[PDB]
Amino acid sequence: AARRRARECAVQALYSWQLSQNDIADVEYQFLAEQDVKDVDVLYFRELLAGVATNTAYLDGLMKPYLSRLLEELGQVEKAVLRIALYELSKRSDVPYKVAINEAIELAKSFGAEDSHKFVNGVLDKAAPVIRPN
RNA sequence: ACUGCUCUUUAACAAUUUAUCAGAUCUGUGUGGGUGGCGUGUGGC
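What counts and what doesn't
- Residues numbered from 1 in each chain as written, not as in the entry; some residues may be left out.
- Chains lettered and ligands numbered in written order.
- Part of a larger assembly, values for the part shown.
- Heavy atoms only, no water.
- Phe/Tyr/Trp six-rings, centres within 6.5 Å; stacked < 30°, edge-to-face > 60°.
- Helix = DSSP H or I, 4+ residues; strand = E, 2+ residues; numbered from the N terminus.
- Buried < 20%, exposed > 50% of the residue type's maximum accessible area, 1.4 Å probe, protein only.
- Core = buried A, V, L, I, M, F, W, Y, C linked by side-chain atoms within 4.5 Å.
- Contact = heavy atoms within 4.5 Å.
- Arc of directions from axis to C-beta.
- Axes fitted to C-alpha atoms, helices over the stretch in contact; angles between N-to-C directions.
- Parallel < 35°, antiparallel > 145°, perpendicular 65-115°, else oblique.
- Left-handed = near helix turned anticlockwise from the far one by under 90°.

- Looking at the entry header, you'll see cryo-EM listed as the method and 3.8 Å as the resolution.

1. A closer look at the packing of aromatic side chains
Argument step 1. Within the structure shown, the criterion is met by one aromatic pair.
Argument step 2. With a centroid separation of 5.7 Å and an interplanar angle of 25 degrees, the aromatic rings of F31 and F45 are classed as stacked. A residue pair is termed long-range when its members are at least 10 positions apart, and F31 in helix α2 (residues 24-32) and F45 in helix α3 (residues 42-50) qualify at 14 residues.
Argument step 3. For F31, a relative accessible area of 12% translates into the label buried.

2. Overview of the nonpolar core
Argument step 1. One finds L59, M63, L86, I101, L124, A127 and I131 to be the most contacted residues of the largest nonpolar core, which totals 17 residues.
Argument step 2. Those elements that provide at least two residues to this core are α5 (76-92), α6 (97-107) and α7 (116-123).
Argument step 3. Among residues more than four places away in sequence, those in contact with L86 are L59, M63, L124, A127 and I131.
Argument step 4. Grouped together as the second largest cluster of nonpolar side chains are twelve residues, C9, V37, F45 and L48 included.

3. A few points about helix α4 (residues 54-62)
Argument step 1. Listed as buried for α4 are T56, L59 and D60. Down the axis of α4, the sector holding all buried residues measures 105 degrees, keeping them to one side. Turned more than 90 degrees off the buried face of α4, the exposed positions are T54, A57 and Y58.

4. Quick look at the packing of α2 against α3
Argument step 1. Across the interface, α2 lies against α3 with an axial gap of 11 Å and an inter-helix angle of 150 degrees. By the angle class used here, α2 and α3 are roughly antiparallel. By crossing handedness, the relation of α2 to α3 is classed as right-handed. For the pair α2 and α3, contact is made by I24, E28, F31 and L32 and by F45, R46 and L49, respectively.

5. A short note on the side chain of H117
Argument step 1. Position of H117 relative to the elements: it lies in helix α7.
Argument step 2. Taking relative accessible area as the criterion, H117 reaches 5% and is therefore assigned buried.
Argument step 3. With near-sequence residues (within four places) excluded, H117 lies in contact with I105, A108, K109, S110, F111 and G112.

Here it is in structure tokens:
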């Protein structure tokens, strides 16, 4: 509940920067000093903000075609949760396929449009050939 | 050291009972506008 609830708090900073176009350092400083968030472990916050590496844009380019909803109309909350759900095993692979998938779908279940997690899980079929440690 | 192991492919609708044949006017800035109340005292006649 310390590394688990970590991601459901850094998705906030991710979306925040995405709307603000600031630096990730700015948004992380403001998020931490904004509310004392202990559901995230500080180092896992550091890892999730390192989850703004260029490869993240890359995991947007791979799963681009087989998206049941187009890129230039997807919700920013969906953009962030998608980046995280694909990055869970881009390099980190802290937990295997099912664990990280369920993590992304549930700990971000309370942010979508009542159905978004369905289609993000459905696009996760295109996530298979890059999430190899099944 | 010893919770976590895919939930399966982005919204799921309101308007609704006679009656219809759709069926004259865009003027101002002519003109003025832009000491006193009371008390008391003093005198006078």
